[PDB]
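To keep things clear, I will list the structure first and then write my remarks on it.
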Amino acid sequence: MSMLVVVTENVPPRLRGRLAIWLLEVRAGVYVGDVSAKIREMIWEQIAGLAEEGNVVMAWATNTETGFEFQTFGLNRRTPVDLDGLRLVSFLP
Amino acid sequence: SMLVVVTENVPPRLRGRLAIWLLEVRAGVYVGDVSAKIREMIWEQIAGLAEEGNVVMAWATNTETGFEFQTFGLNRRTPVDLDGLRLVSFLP
Amino acid sequence: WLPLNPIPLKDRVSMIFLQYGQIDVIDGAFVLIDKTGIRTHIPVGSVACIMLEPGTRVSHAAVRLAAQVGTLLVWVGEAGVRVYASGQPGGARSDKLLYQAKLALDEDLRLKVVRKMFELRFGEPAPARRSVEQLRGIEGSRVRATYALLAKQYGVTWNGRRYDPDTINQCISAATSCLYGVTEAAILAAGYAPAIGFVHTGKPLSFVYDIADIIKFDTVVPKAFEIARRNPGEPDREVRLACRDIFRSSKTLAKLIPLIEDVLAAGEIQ
Amino acid sequence: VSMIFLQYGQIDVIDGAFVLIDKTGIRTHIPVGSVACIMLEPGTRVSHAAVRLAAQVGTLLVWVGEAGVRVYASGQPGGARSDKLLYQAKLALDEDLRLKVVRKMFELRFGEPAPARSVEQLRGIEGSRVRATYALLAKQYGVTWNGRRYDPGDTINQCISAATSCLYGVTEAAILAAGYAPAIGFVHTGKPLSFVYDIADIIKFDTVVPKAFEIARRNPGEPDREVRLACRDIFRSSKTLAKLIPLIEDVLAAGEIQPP
Amino acid sequence: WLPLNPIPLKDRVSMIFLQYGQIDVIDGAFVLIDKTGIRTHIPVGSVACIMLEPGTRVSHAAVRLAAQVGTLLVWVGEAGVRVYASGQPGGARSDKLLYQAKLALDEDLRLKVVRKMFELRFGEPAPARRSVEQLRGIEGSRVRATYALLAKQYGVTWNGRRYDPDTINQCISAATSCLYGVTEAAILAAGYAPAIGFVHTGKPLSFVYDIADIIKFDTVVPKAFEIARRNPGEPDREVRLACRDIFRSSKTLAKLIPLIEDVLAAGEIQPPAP
Amino acid sequence: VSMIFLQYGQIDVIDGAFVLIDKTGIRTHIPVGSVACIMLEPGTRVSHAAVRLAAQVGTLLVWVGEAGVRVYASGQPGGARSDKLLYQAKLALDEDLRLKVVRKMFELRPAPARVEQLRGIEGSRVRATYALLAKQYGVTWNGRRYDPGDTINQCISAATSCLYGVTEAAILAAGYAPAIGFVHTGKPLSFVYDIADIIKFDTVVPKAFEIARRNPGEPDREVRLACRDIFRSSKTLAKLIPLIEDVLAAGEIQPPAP
DNA sequence: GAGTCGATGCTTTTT
DNA sequence: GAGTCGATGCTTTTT
DNA sequence: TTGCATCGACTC
DNA sequence: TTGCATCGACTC
């Protein structure tokens, strides 16, 4: 069980509320919770299934090198990028 | 412990300064992994430089819900207490 | 957009109280709406039981959504105990309920079950060759002795178990109300029927009382006494928060299902 | 046995009685104790007081779709009356009582006594006869019929599937109103709606399925809505839910065991 | 808007490599800028060392900011070792540097320090009444024996320590380059001077070599051999990532400062408090 | 000893020599080995090649503000030349050599035949000197005040900040450590204060008074700019190195060669 | 993104 | 919020 | 008289 | 012929 954050942008209200079935909305499009792996993955399946033309990023705490890991779905100017196994963010122009 | 910080309508000074220590995965949303002392100094940074904008910070804890959070400045979305559980009320 | 499933009770917060507002569905989410137009998102799927207090008005949709995610709604009164509930239409497996029925129907298996219940209560096997009723006598006696002991321990005037159509009795009753809540939630999640009990029978929450009774005094009642110690205006809340704290701290939700399975297992049946 | 459908309004309390409220004011008064079971349809909200009162008189509240075409939730989860459920369990356990119920079920289904000899062969006969019945309705209504197909189909199969879904709705409603458990079946078993399938199956083909064929026919904007609405109107108009309870009681009665 | 401070090295990622772009400051943040106009935010304050590879161009502002947060910049060549560095103008406390100087200047204290260094290396106290040079000799011998042993262990042809104005030697050299990086970072963070060494002296990184040498073979060199085993086109990266992994996994950054303090403590003289 | 200031351009390499580049092309050629130390001012960028070359010839790169009015960073962190630093340490440790340096410092700034009392006499004169400049320039002066003030104290403070800048630059260029001081000690810029103090009042402070006079839109700016122009125009950084060498020399101990 | 205010439709099937 | 493209100014002092 | 970067104000 | 809620389109 580990801390989870999910950030949505231009996503349909269906998903907007559905994440809110299990998570708390502290600002628009930003959800925070604390979940087991299996729940995290089912949430991810929810997002992967319902994100239309919007895009979304999900990050959670881990016991890895940087302390956490993250993935996106859909397209964004801000995109993950690899520097020798460290994962950072490249800002597309 | 894992840290997240979310800024809105905050001056570029802070926008970049958080980026000295954190990673920006979307506009205004920073993620990291820090000790308590660093978390607090970051908070002091935010408290010091947030102008008219507003910002919310949450981190993982070993408490009842698993995490805890605070805001600075005003937002329609605001924390609210239900019998020791902390949730969020959406004003009009 | 299509799918939706319940999450394990294990992963949930025990329970949450809502008061003075309407609970509606907004864009597929469960929402509390105040008189001033305040929305409040509630993670229904992340809670085992939602307690509805007076002045609450529940949308059809809200109940349907609360059922789909396997969260029990329970209507509670002026500081009162459980008054009503709504949930999933029934057990998810015929097999489990039928298992419960066999165990229940023949008096010998029943005897085995109650014995184990007793063992689990007291840390001691029940005396040999005793009928069901006699065991229920022993229970009553020990229970009385236990109230006397906690009263003693915490320095609380205790004048018996007494119900109102006295502080101590309200604290106890509210605490038990909460526990009957979670116990019912677990029983339903496990796919069994709350009405089919072993010690208690013929009443709609017999099995709930049976199961709750087992862990009632290691868990929830001591603090009822400690809170009773304090003489506050509104007890209820502190009791509620304390029960939240005990359920998380002592892993109650996680343990409840295993306990039930072991209990029924003692029938020595498939 | 008495039950009422309430729709498009909030259910509250006036002088210890149930009341339905709209923008138009009071639409229906229901004096406490006049009804065993209240079916709440879409567009409704429930007052705290209403639930507290319903509990006081032990009234069952059941949240459903229009006319009970689906069941979403019920109060008194897992049945409120232990005795009825236990009655159902006895009947279900005993090999022989079970035989006897299923045979009665079969009798009630045709108006013919079932063949002498086990449960499985009757299962077979049913399958055959059912196929023959689909063929007959297809014939009667002039409908191309190409067999039983249902991956998670054809128009006819969708109409049928939706109608049966809806029938399972009302059948479940009745089963819960009667105070029995949907999971404990006699023909079908081991699955959450076994008993619902058992009972629904008996009166499937009198009304629900024929309309499925007629609608399949008329090849609409499209099927599922119209089928569901048509089933709604039939269930309300022909008092289906109410009539379902006697059938259930008789079926279980046949066990020749003391009903509570 | 006013303040800014360094964060403890303890909390940082060991090191990060940047290549082919310019590093600028944008709105008070440290940013890598590509030829196509890609920005990339780099948490400079969250790293102990930034390694600048060929084709990199560093803004004045970037260096000033990197210094303010106490992050060492190190210029590295074509797969090469450390070539240059830039940092904080000096030790934050006069006391610490002077402490280091006393220890260094008188040969007896120096003797004590080196003996402890030896002990820490081998898990054994150094022989009694031996001068500095002789301990140097023992080192050299033991070290050679250790390369031979790892070569043996991992099945690697080993033809000595050899250096280029051979795969094995490049892996070793790159690994040591990284380690000299972090060791220098730690030495500067602790507020001491890299040029004042005890075993090695008279060279700009004497103390860095002294300290790195202590933990070099329990940590960074074994994998140099294991990677050397593989015969790949571009070794460097795997070596870098492996060194990252070893530094985190074995708590290197956290341990480096205590080790240094204990080493200097062995002078039997009193350390200024932090 | 040789050093060059580069500004507003990128520093790169052409045929193994240092070059400064803008939009106009080449501004300055510097043949490798011609200079010991390069001071990089604001508005500059550094090529990889330039650093690799600077390392090859052991040239020190130092990132500074204009004219060295501040020091931001230096290559070869903690001093590159162990011998010079150790020389400084030897001098610093021995209370007697130390006495002897401080006395020389005082002379350069002959001291009375006895460190602390000299501290006292300095404080007194210094006050007297502020009073004198206030007099000379017609400036209201109400004493030593500095809390983190009056106009005069801000101008003074900013000027001294800037002087500490160039003094630090020189100290690092000479290859010594700013933290090891003789009068001031125990703090990161002790030696910088020691050396700056000697030539504080010839040039840096007088202008602080003149600017304090003029009561400008912004003193700190003007003071800093004025100090920049004075340091460049009067070769201050270059002249600081001999002073330092003589000061430490006075220990009568063998300086290392170059 | 988040208000409105019109539109629609109480529905995401199967034994 | 994040582009532009003009403005400014290489600066957040103290021993 | 050259330049890197923060800060403005006005439309996406 | 009453109502709760999703989904549109058009300006903050």
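Every residue number used here counts from 1 along the chain in the order it is shown.
Backbone N, Cα and C define each Cβ position, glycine as well.
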Among E:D213, E:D218, the candidate listed by Swiss-Prot alongside E:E139, E:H200 for Mg(2+) is E:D213
For E:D213 (Mg(2+) binding site), the nonlocal same-chain Cβ neighbours (under 8 Å, six or more residues apart) come out as E:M117, E:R121, E:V199
Can you tell which of E:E139, E:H200 has the most other C-beta atoms within 10 Å, given these are the binding-site residues? E:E139
Distance in Å, whole number, Cα E:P165 to Cα E:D166 over 6 unmodelled residues, equals 13
May I have the list of same-chain residues other than E:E139, E:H200, E:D213 whose Cβ is within 8 Å of the Cβ centroid of the recorded Mg(2+) site, in sequence order? E:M117, E:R136, E:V199, E:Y209, E:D210
